[PDB]
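First, one chain by itself: the form deposited in one PDB entry, in structure tokens.
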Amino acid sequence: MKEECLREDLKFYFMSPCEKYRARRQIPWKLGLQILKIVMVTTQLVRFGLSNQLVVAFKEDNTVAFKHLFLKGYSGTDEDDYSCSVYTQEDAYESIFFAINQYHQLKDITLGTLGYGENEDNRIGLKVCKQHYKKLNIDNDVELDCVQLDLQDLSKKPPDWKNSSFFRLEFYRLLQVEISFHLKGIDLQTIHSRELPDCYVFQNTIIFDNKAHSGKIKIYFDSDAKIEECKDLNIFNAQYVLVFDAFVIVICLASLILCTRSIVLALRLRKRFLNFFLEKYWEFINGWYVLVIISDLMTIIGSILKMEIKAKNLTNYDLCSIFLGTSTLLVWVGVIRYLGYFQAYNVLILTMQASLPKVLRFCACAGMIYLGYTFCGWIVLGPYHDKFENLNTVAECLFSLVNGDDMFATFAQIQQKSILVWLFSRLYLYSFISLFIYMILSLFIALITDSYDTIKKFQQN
């Protein structure tokens, strides 16, 4: 009879929860737990996205306002990773002096709720530091020299800092000039909700940088905002977020227990089944359960990081967003397990799994050609094309070209001044596009759609 029991157990382990309830009236509380997990994970992600969106928007708006206030002739958009640049010793001095003067007159210029902030030494003021190669006759040692400009110093009606010997820069040895100051800000966008407003501290540095010594000074503006207590403010939900993240952890922790319990009970049946198939003469490792375990781990980690961020009032949410986003992606991918219960949808999951090994084998061959083209394009078209400047950019450009993106602009960005490089670029682009788009991907398509012929006839039989 134990043979019949083993057969009935193996039949039970292979049927859908709907069929389990139809047959043996076993309630699918694990399925309900998973649906609840989907709903709560998505809810937590959406709430987190909305709140952190608000905070990031406030910080970026303040940074843009600071750039308009302190960078002379700022166009409103960054030239590059740096905000603006100058090419003349006079434009350089005017940019520096403009920044200092705008800081002096901050209260009469700003449109927001800005104020001067105490620095790291607990004194309101402006710090200017400059680095020179100490001296045609220059040593490699950099001579740093700083000055602390108070509000009293800048507010002297005859200004003495402008004429001081500090601001006479020898631009041929200059490495950089850095201006540092602190500002205190309040977002009044929140007080309509009776929430006490959040007070932020901005640590701003303007770097007038010519490490390149190529005739251009690049001006970088960096604003680092942190959240501090509102020391002085009179304006006539932390628990709810924290408990919700605890419920998400508990549910995800419970799903970890149930899935691992399910996997263990599956391996027990494999042990039993081999016994009946050792005397008479991935099936029990569900690949969906591995995905569910990874998703639960990532959701727990992301929730712990989120609670830590909210507890100690931090504003960088990158790593927590990367864990929560990946876990949500995997949860929504794992919903495909419930659809695959209905065999009508299963034949479409099987057609992808069958095509995967041929795709991987084919990527090995196409990958080598792709790498060769990447190296060639970087070494040749690097000095003459902005889509080929470094290797990572070349890889992305070739990927986009394979997908047809921006072909004419890519062809037209090579100036015909060098005839040899122009001819080579034409040959390179034509050969890469023809080869990859018309042999490589056609063979690839052919491999996949026809492998999907066999799953289609294999399920018919």
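When you see a residue number, it is the position in the sequence shown, counting from 1. For the two forms, the rigid core is made up of the largest set of C-alpha atoms that agree within 1.5 Å on superposition.
Not on display, but discussed next: the form deposited in another entry.
When both forms sit on the same rigid core, the CA shifts between this form and the one not shown reach 2 angstroms or more only at 349 out of 293, 322, 146, 349. After superposition on the rigid core, the Cα of residue 10 moves by less than 2 Å between this form and the one not shown.
A displacement of less than 2 angstroms separates the C-alpha positions of residue 19 between this form and the one not shown, with the rigid core held in common.
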